[PDB]
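What follows draws every value from the coordinates through simple rules; no lab data is involved. Backbone-built Cβ (ideal geometry, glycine too); neighbour counts: all protein chains shown.
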Amino acid sequence: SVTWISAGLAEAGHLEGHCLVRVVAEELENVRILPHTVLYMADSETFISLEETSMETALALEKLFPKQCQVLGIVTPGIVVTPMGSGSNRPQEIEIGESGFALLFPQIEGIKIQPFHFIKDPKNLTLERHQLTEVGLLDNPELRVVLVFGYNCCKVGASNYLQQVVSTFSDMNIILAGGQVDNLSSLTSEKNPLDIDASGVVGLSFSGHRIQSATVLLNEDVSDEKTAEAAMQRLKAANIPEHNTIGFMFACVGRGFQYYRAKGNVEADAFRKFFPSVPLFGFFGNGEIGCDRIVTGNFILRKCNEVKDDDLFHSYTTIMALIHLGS
Amino acid sequence: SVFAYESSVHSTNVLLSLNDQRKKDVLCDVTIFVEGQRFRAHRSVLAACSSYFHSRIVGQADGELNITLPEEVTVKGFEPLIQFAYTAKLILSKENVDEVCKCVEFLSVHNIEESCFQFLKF
Amino acid sequence: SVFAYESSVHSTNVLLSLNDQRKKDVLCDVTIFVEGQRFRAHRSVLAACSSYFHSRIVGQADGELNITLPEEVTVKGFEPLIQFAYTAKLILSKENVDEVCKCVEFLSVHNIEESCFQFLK
């Protein structure tokens, strides 16, 4: 069973210390499973102390977690998270404001998860072949879900770096998900002191024999409650099982309070309107990755997308996912 | 000392060879009419791929049987379906969805699920 | 606006159901007379698994058929071959390898690698 720990807005203690670090200190004492791989996100005001400091907050969380555990550290401008307890908690959509969650993945038989990281270059090659085999993005007959993230894509070339790096391991029967974020905090590779100024691509690469998935795009055609509920009804028709699934929602900073008229927690409420007990975790970012595609043990529903690859990099949109981790 | 061989490519190639035999009429022993556009296939393949060509295909002789389908099914929904019956790949398009889904229940072709279709944007 | 539906279990199920048909009288339209005993199969799978059958099956009119393998093949080396053809699994033992390997290099059955080489002992 996957277990999640989050830090809500109701704990804005006026004392020196990160909110998330405080919760992860108290809650890890009562945790029940042994974490193996962990994915944690936090908002982009809780990793700055002077102008950036970043290590102090980062290594703090990198210390409590077990040495053998694998940690990926990603910071986004906005956290959308389900609180602790059961799977029936109403999701809370947090714009600017200190919040964050940590996902604890235990040792699950037959499912193997491995982080990956491709740093950018001043002047070098792109990716010869082996980094896709070192981690497993290629030549893996059971790769079914990937969670590509990107950071510091502002500079030219770096914006096109995400264009180039994805195409190397695309075109398979896999699900892409994620987008562009601000910066990285901590990665457990034990061979590189992390450089805050450098850009790159990081993420998880789910792999197994029972990992089912689902994905729905939310284009500029959805602008009210009824249209949003119609889109998530399509997700329900995929017959993705209920138990042992975790949901993701990657959206744009231009969507939320401003885009849909004077409302919030609208995507989150519709998710639990049709899906009765699945949790939800996702970030707000400046970029979108995804398409319409369902991959399960039997069927694949790719989009013919015959132009080149113009079905992945959207903007001003929202992507969902229904990663059925386990069976 | 039973090692037992297992080939992950022995089924796809057999079903592609069946398609190639279908295309250039290499031992096609069944002719089927839909409206009027003659189609050719294999008796054995359709005897197991669907569950209506298993009740209107058995209990016959070696003489070629020419089965016909009513107007309730058309050719816009069959050509997608019989090509999936041989290549395990079913192309969908805007005008295809309704008729290609309506074809399934009258045939109850196996290993295809008619609930995933209500997910496409189109 | 065109979508695909690529399955990954149809091939195995159709092959297994065709094998069940193979083991049950109906829809079988060829008999392999080998060494005295009878073997009954289809005229569609056997023209897809190899080339010896393919070169002898095409062109000839439909009807009752004997495609007798005259003397060169055995039966201990023949029974696993059609099982692999219809189900895609093999049954090899230390007293079976030689005849099966002789049969593959003769009939030129595809999708079977020489990996039945050092698995023994």
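A few notes on this one:
- All told, B:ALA41 meets the bar of being hydrophobic (A, V, I, L, M, F, W, C), in contact with a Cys (Cβ under 9 Å, 6 or more places away or on another chain), within 11 Å of chain C (Cβ to nearest Cβ) and under 27 Å from C:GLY63 (Cβ atoms).
- For segment B:52-68, a tally of residues being among the aliphatic types (A, V, I, L, M) and out of contact with any helix residue (DSSP H, G or I) (no Cβ under 9 Å at 6 or more places or on another chain) returns 2.
- Output for segment C:48-69, where each listed residue is more than 11 Å from chain B (Cβ to nearest Cβ), part of a loop (DSSP other than H, G, I, E, B) and of a type outside the set (A, V, I, L, M, F, W, C): C:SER51, C:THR68
- Yes/no for B:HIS10 being more than 13 Å from the chain's Cα centre (by Cα), crowded, with 20+ Cβ neighbours inside 10 Å and of a type outside the set (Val, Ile, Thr): yes
- Residue that is within 10 Å of chain B (Cβ to nearest Cβ) and either among the charged types (D, E, K, R) or within 25 Å of B:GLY59 (Cα to Cα) (or both), where the choices are C:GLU79, C:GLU6, C:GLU72, C:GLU35: C:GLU6
- Residues in segment C:86-117 that are closer than 15 Å to C:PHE53 by Cα, within 11 Å of chain B (Cβ to nearest Cβ) and not in a loop (DSSP other than H, G, I, E, B): C:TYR86, C:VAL104.
- Among the residues making up segment A:298-314, those that are in a strand (DSSP E or B) and either within 13 Å of chain C (Cβ to nearest Cβ) or touching a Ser or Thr at 6+ places or on another chain (Cβ under 7 Å) (or both) are A:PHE299, A:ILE300, A:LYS303.
- Selected residue [part of a strand (DSSP E or B), in contact with an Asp or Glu (Cβ under 8 Å, 6 or more places away or on another chain) and of a type in the set (D, E, K, R)] from A:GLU98, A:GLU93: A:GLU93
- Residue satisfying condition, being touching a helix residue (DSSP H, G or I) at 6+ places or on another chain (Cβ under 8 Å) and not in a helix (DSSP H, G or I), within set B:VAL73, B:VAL45, B:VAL2: B:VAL73
- Residue satisfying all of: in segment B:76-111; hydroxyl-bearing (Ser, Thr, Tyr) and over 13 Å from C:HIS10 (Cα atoms); surrounded by the fewest Cβ atoms within 10 Å (Cβ to Cβ) among these: B:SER108
- Residue count, segment A:212-240 (criterion: in a loop (DSSP other than H, G, I, E, B) and basic (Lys, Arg)): 0
- Residue match in segment A:141-150 (condition: assigned to a loop (DSSP other than H, G, I, E, B), surrounded by fewer than 21 Cβ atoms within 10 Å (Cβ to Cβ) and out of contact with any strand residue (DSSP E or B) (no Cβ under 8 Å at 6 or more places or on another chain)): yes
- Filtered residues of segment C:38-72 (kept if of a type in the set (A, V, I, L, M) and touching an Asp or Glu at 6+ places or on another chain (Cβ under 8 Å)): C:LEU65
- Scanning segment A:6-38 for residues that are under 21 Å from A:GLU95 (Cβ atoms) and buried (at least 18 other Cβ atoms within 10 Å of the Cβ) yields A:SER6, A:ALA7, A:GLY8, A:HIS18, A:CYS19, A:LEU20, A:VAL23.
- Residues that are over 18 Å from C:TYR5 (Cα atoms) and crowded, with 23+ Cβ neighbours inside 10 Å, drawn from segment A:291-318: A:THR318
- The lone criterion from (1) facing chain C (nearest Cβ under 9 Å); (2) part of a helix (DSSP H, G or I) left unmet by B:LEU27 is number (2).
- When B:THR12 is tested against (1) outside any helix (DSSP H, G or I); (2) at the interface with chain C (Cβ under 7 Å from one of its Cβ atoms); (3) not small (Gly, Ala, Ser), only condition (1) is not met.
- Residue in segment A:241-259 that is within 14 Å of chain C (Cβ to nearest Cβ), in a loop (DSSP other than H, G, I, E, B) and under 21 Å from B:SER115 (Cα atoms) present: no
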